[PDB]
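Report on one structure; see the data block that follows.
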Number of protein chains: 2
Amino acid sequence: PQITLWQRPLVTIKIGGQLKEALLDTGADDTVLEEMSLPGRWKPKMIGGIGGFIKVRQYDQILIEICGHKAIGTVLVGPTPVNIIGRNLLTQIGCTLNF
Amino acid sequence: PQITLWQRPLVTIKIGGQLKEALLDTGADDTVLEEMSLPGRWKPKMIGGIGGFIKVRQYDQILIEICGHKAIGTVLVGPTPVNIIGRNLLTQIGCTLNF
Ligand SMILES: COc1cc(CN2C(=O)N(Cc3ccc(O)c(OC)c3)N(C(=O)CCc3ccc(O)cc3)C[C@@H](O)[C@H]2Cc2ccccc2)ccc1O
């Protein structure tokens, strides 16, 4: 699909048997979601940007479905104000910027 | 052009007759650049990010070239981690997300 940028590029994602709305963010290196539970082991990580840093839990090899496109990758979980889909997963769904 | 996301989508922009490196960021509503000087009066603006908020200076009708594409719009200046080209200008240069 082709998504314009007149409005925030929000899409529904399916992760851990849960449905959530997330922002397709080309400026984000990693995918970070609001507090939720995920399987497997995790590593603490600190991610920052505008406003400073937040502490998150890093889970690797996590399955996620974005706009029907399945992908696997690292998901950070923490106090983010919005669910973000970063480049680490945008690449897997073949997402590109065009102009 | 078509830009893949295996790496940060950093491009060259020109503003105030100077070249700067910036991030094409679909997750950003606005364009925010690191401290610099711009003409005219400015208005107050707060941008909410991953770690909280920051105060910035808002300048309107500013000429800016993005990857060779000329644009004229609102440019915010403040303590941002990197120069960010947000949706307000991505829409002006006809940029979209595709997959
Ligand atoms: C609302 O308009 C703007 C918001 C931002 C702040 N911002 C953010 O807070 N970040 C932080 C961030 C989040 C996730 C990541 O995986 C990530 O990895 C780099 C960074 N970004 C950025 O700041 C990009 C800059 C950057 C580059 C390298 C680095 O080491 C740290 C930061 C990405 C932006 O898209 C964006 C994502 C976002 C949106 C709403 C609420 C919270 C965050 C900004 C402008 C708006 O108009």
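By convention here, the chains of the structure tokens are called A, B, ... in the order presented, each chain's residues are numbered starting at 1, and ligands are numbered starting at 1 in the order presented.
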
* **All residues having an atom within 7 Å of ligand 1 (only C-alpha atoms and all ligand atoms) as a ChimeraX atom specification** => /A:25-32,47-51,80-82,84,86 /B:25-32,47-51,81-82,84,86

* Counting only C-alpha atoms, which residues of chain B come no farther than 7 Å from chain A, as a VMD selection string? -> chain B and resid 1 to 6 23 to 27 49 to 54 80 to 81 87 91 93 to 99

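Placed on chain B by a least-squares fit of every C-alpha atom, chain A shows an RMSD of 0.5 Å.
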
* **DSSP strand (DSSP E) residues within chain A, listed as a ChimeraX atom specification** => /A:2-3,10-15,18-24,31-33,43-49,52-66,69-77,84-85,96-98

* May I ask which of the residues A:22, A:17, A:11, A:66 is the closest one to residue 38 in chain A, counting only C-alpha atoms? =>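 Comparing A:22, A:17, A:11, A:66 against residue 38 in chain A, the winner is A:17.
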
* How far is it from CA of residue 41 in chain A to CA of residue 64 in chain A, in Å with one decimal? ->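 Computing the Euclidean distance for CA of residue 41 in chain A and CA of residue 64 in chain A yields 17.0 Å.
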
* To do: Could you give me, as JSON, numbers by chain, each residue of chain A that DSSP assigns to helix (DSSP H, G or I) when run on this structure's backbone?
  => {"A": [87, 88, 89, 90, 91, 92, 93]}

* **Distance query residue 35 in chain B at most 10 Å, only C-alpha atoms, self and fewer than 6 positions along chain excluded, as a ChimeraX atom specification** => /B:56-57,76-80,83

Atoms to include: N, CA, C and O atoms. Write the selected residues as a tab-separated table (two decimals), in the first residue's frame.
```tsv
chain	number	residue	atom	x	y	z
B	56	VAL	N	10.71	24.76	22.00
B	56	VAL	CA	11.38	25.11	20.76
B	56	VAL	C	10.88	26.44	20.22
B	56	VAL	O	9.86	26.97	20.66
B	57	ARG	N	11.61	26.98	19.26
B	57	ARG	CA	11.24	28.24	18.63
B	57	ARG	C	10.61	27.89	17.29
B	57	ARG	O	11.19	27.11	16.52
B	76	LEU	N	11.06	24.33	13.19
B	76	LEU	CA	11.22	24.50	14.63
B	76	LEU	C	12.70	24.37	14.98
B	76	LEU	O	13.42	23.56	14.40
B	77	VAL	N	13.16	25.19	15.92
B	77	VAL	CA	14.55	25.17	16.33
B	77	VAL	C	14.65	25.00	17.83
B	77	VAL	O	14.05	25.79	18.59
B	78	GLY	N	15.40	23.99	18.26
B	78	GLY	CA	15.58	23.74	19.68
B	78	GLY	C	16.61	22.66	19.97
B	78	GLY	O	17.40	22.30	19.09
B	79	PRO	N	16.61	22.11	21.20
B	79	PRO	CA	17.55	21.06	21.60
B	79	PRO	C	17.18	19.63	21.17
B	79	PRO	O	16.92	18.78	22.02
B	80	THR	N	17.15	19.39	19.87
B	80	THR	CA	16.82	18.06	19.34
B	80	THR	C	18.09	17.24	19.17
B	80	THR	O	19.15	17.79	18.89
B	83	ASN	N	18.95	16.69	13.42
B	83	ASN	CA	18.06	17.52	12.62
B	83	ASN	C	17.00	16.56	12.10
B	83	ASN	O	17.32	15.50	11.56
```

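The residue that comes closest to residue 62 in chain A, out of A:19, A:40, A:46, A:33 and on the basis of only C-alpha atoms, is A:40.
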
* Name all residues at most 9 Å from residue 65 in chain A (count only C-alpha atoms; drop same-chain ones fewer than 3 positions away) and give them as an MDAnalysis selection string. => chainID A and resid 12:15 68:72

Keeping C-alpha atoms, export the residues of the selection given above as an mmCIF file, in the first residue's frame.
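Printed below is selection39.cif as written:
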```
data_model
loop_
_atom_site.group_PDB
_atom_site.id
_atom_site.type_symbol
_atom_site.label_atom_id
_atom_site.label_comp_id
_atom_site.auth_asym_id
_atom_site.auth_seq_id
_atom_site.Cartn_x
_atom_site.Cartn_y
_atom_site.Cartn_z
ATOM 1 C CA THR A 12 -2.893 -1.955 13.331
ATOM 2 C CA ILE A 13 -0.380 -4.580 14.439
ATOM 3 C CA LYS A 14 -0.881 -8.057 15.870
ATOM 4 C CA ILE A 15 1.615 -9.106 18.530
ATOM 5 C CA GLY A 68 -0.913 -8.368 6.971
ATOM 6 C CA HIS A 69 2.864 -8.562 6.600
ATOM 7 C CA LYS A 70 4.483 -10.956 9.052
ATOM 8 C CA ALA A 71 7.903 -10.090 10.442
ATOM 9 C CA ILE A 72 10.252 -11.149 13.217
#
```
